Structure formats: structure tokens, C-alpha cells
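A.B. asks: Structure provided below as C-alpha cells; questions to follow.
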Amino acid sequence: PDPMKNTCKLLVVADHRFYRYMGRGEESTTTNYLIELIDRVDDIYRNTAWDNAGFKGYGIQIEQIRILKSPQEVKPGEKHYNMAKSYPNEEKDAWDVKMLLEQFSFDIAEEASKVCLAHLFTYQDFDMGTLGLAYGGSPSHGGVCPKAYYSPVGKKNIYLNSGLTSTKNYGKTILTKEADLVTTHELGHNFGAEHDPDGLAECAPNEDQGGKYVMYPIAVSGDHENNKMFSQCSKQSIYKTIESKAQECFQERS
Ligand SMILES: CC(C)C[C@H](CC(=O)NO)C(=O)N[C@H](C(=O)N[C@@H](C)C(=O)NCCN)C(C)(C)C
Ligand SMILES: [Zn+2]
Numbered sequence: 218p219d220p221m222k223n224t225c226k227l228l229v230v231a232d233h234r235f236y237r238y239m240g241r242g243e244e245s246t247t248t249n250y251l252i253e254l255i256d257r258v259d260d261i262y263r264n265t266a267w268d269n270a271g272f273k274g275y276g277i278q279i280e281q282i283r284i285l286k287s288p289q290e291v292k293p294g295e296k297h298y299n300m301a302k303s304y305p306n307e308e309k310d311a312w313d314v315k316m317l318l319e320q321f322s323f324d325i326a327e328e329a330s331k332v333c334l335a336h337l338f339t340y341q342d343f344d345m346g347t348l349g350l351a352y353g354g355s356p360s361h362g363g364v365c366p367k368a369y370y371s372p373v374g375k376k377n378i379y380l381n382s383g384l385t386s387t388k389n390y391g392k393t394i395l396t397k398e399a400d401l402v403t404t405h406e407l408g409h410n411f412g413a414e415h416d417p418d419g420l421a422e423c424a425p426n427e428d429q430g431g432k433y434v435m436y437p438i439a440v441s442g443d444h445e446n447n448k449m450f451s452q453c454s455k456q457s458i459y460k461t462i463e464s465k466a467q468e469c470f471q472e473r474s
């Protein structure tokens, strides 16, 4: 473990929806929420022994918080992740999640190329209880350290070191304990973890064995012991990544 290359620095972005509905139209309220959430997620990462030995101390820290106070004005037929309307269906509260992650990665491309990860924090009710999305750890590429993807539609390179979290689900603000689990799961995909499968009991335990781990495909609730922790399956996947990636874009912990 290299102490000079053990931290994935983040570009955290709060859109106009997050600023209005979570930050009560205030910059201090917005940033405090985000700073505390990332610090709690960091506690899970930093304390995880990726090899079940001394390969721990790897975490995340915020490099910058971009605060989008108002919607992004767009020309007719032009789209932006911070625009007032949802896409592709303006009648819906939320964007289609896959299209929003692709749009955010397109719009943030220049900033994303200079950071370990970029994460969008929004407040929109994705269809069917979806809480977030991320690149990396998809059974498709991406995750930690900018990886270029030439977008034939966008006509430029976008980077796949991105993910997103919404703190709205089913018409209300999710609990902070639930929000921590969403961001951990999304960043888990970025770090290279795939979902925990039912077929491996060690990786998806019963409620009497501590419950499911953070990478389970169905959202926890956050009341069981395992809920906040990475399974041995996630650890094996991430351990392979960390080795191959820390030297590429990780920095010293501040
Ligand atoms: C933090 C969670 C695990 C993220 C996953 C989606 C995913 O794999 N993101 O990487 C999610 O939103 N899962 C939803 C989920 O379990 N949502 C819960 C909160 C829910 O609303 N369940 C409703 C039951 N009909 C799905 C897509 C399975 C509906
Ligand atoms: Zn997932």
C-alpha cells in the first residue's frame, strides 16, 4: 500500500434540483450534506481490508464541489444534465437514469479527465425505485481513473469515471443512512465491484447471518449488520482494480 497514492479524489456536483430540495437553496447546507456523506462513505472504504490483511487505508476525498444553483439554459433541441426538464420524457419527474449518466459524463468531460472520479448528486424520482447508476463493475468499461469513450453521437471523448446518486425516491427524501448506502454502492461499481449474486451465500447472507452486503442488486434499508459493508466477492473484484489503478490516479490523503 502506497501512502502517496491511496485516495481517489472526487469532483462532486450538486445540480439545481439537489441545491433546491436538499440544500434549501443554500450553498452551506448543500456542501455540508455532501462533505458529511462522502466522509461516512470514506469510513467504509478506508477501513476495508481488500485482501483481508494489511491492504486497507484506501479511500475517497472531495477535491471540489460544483454547486449548480439554477437550471442550465439550453437552446431548442439541445440537452444538458442540469437543464430544467427531464429527458427523454419531460412529463416525468426524472430523466431516464442511463441517459442522465451518459449526459453528465458528456457535459463534465473536461473536468472528469483531471480527477479520479466525478459524482453527480441529484433530486429526481427515477422510475421503479432506482437510486443511482455508475460505470465500472458491469458484467462495458469505466470506474476509477478517467477512461476515454469516443461518443459517436456526442462527436468527442467522454470519460467513464462517473456515477450518480439521487436522494429522492417514491416522492420523498431518502434517509441519510439510505443515501450513504446508495453512494457506497455506486462508488463500489466505480472501484470495480459487480453485484453480489444469490448463488454465493458468503456474498449474499440470510437476515439471521447479518443480511445482505452493499453490492446486493436490491437496495438494503440499512438496518442489518452487513448492509454497510463490502462482501468477499466485492473485495476480490476491487482488490484486482486498486492494485492496477491506485498508481494511475490516486493521490495522498489530505
Ligand atoms: C443503492 C441501490 C442498490 C442501487 C440500485 C441500482 C444499481 O444497481 N445502481 O448501481 C437500485 O437503485 N436498486 C433498486 C432498489 O432496490 N430500490 C429500492 C429502494 C426500491 O425502491 N425497491 C422497490 C421494490 N419494488 C432496484 C433497481 C432493484 C429497484
Ligand atoms: Zn448496482
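Read in order, the letters of the sequence shown correspond to residues 218 to 356, 360 to 474 in the authors' numbering.
For each residue, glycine too, the CB sits at the ideal point set by N, CA and C.
#1: Quick one: what's got a C-beta closer than 7 angstroms to residue 402's C-beta in the same chain, skipping five residues either side?
#2: I need the DSSP call for residue 401, collapsed to helix, strand or coil.
#3: What does the shell around ligand 1 hold, if a residue joins when its beta-carbon is under 6 angstroms from any heavy atom?
#4: Is there at least one non-hydrogen atom of ligand 2 closer than 8 angstroms to the beta-carbon of residue 415?
#5: Decide yes or no for the touch test of the segment 318-328 against the segment 387-394: beta carbon pairs closer than 8 angstroms, at least 3 of them.
#6: May I ask which residues mark the beginning and end of the alpha helix (DSSP H) holding residue 249?
#7: Check whether the Cβ atoms of residue 302 and residue 242 sit closer than 9 angstroms, and answer yes or no.
#8: Please list the terminal residues of the continuous alpha helix (DSSP H) segment that includes residue 438.
#9: Extract the residue ranges of the alpha helix (DSSP H) inside the segment 279-335, only unbroken runs of 4 or more that lie entirely within it.
#10: By a C-beta neighbour count over all protein chains shown, 10 Å radius and 16 as the cutoff for buried, is residue 291 buried or exposed?
#11: Identify, in the order they occur along the chain, each residue of the same chain with its Cβ nearer than 6 angstroms to the Cβ of residue 353, setting aside the five sequence neighbours on each side.
#12: Below 8 angstroms, how does it come out for the segment 231-240 and the segment 337-348: are there three or more Cβ pairs, yes or no?
#13: Return the residue from the list 428, 453, 259 that minimises the CA-CA distance to residue 435.
C.D. replies: Answer, in terms of the structure:
#1: Sequence-distant partners of residue 402 (beyond 5 residues in either direction) whose C-beta falls short of 7 angstroms from its own C-beta, in its chain, are 348, 349, 385.
#2: Here residue 401 sits in helix by DSSP.
#3: A distance filter of 6 angstroms between CB atoms and the heavy atoms of ligand 1 selects the following residues in sequence order: 345, 346, 347, 348, 349, 350, 351, 389, 401, 402, 405, 406, 409, 437, 438, 439.
#4: With a threshold of 8 angstroms, the Cβ atom of residue 415 counts as near ligand 2, since some heavy atom of the ligand is closer than that.
#5: As far as the Cβ criterion goes, the segment 318-328 does not touch the segment 387-394, which means the pair count is below three.
#6: Here the alpha helix (DSSP H) through residue 249 covers 244-263.
#7: No, Cβ-Cβ distance for residue 302 and residue 242 is not below 9 angstroms.
#8: Premise fails: residue 438 is in no alpha helix (DSSP H) and is neither H nor E.
#9: With a minimum length of 4 residues, the continuous alpha helix (DSSP H) runs that stay inside the segment 279-335 are 314-324, 326-329.
#10: So residue 291 counts as exposed.
#11: For residue 353, same chain residues with a beta-carbon under 6 angstroms away, outside a window of 5 residues either side, are 362, 363, 409, 410, 412 in chain order.
#12: Contact annotation: the segment 231-240 touches the segment 337-348, with at least three C-beta pairs closer than 8 angstroms.
#13: Answer by Cα proximity: 453.
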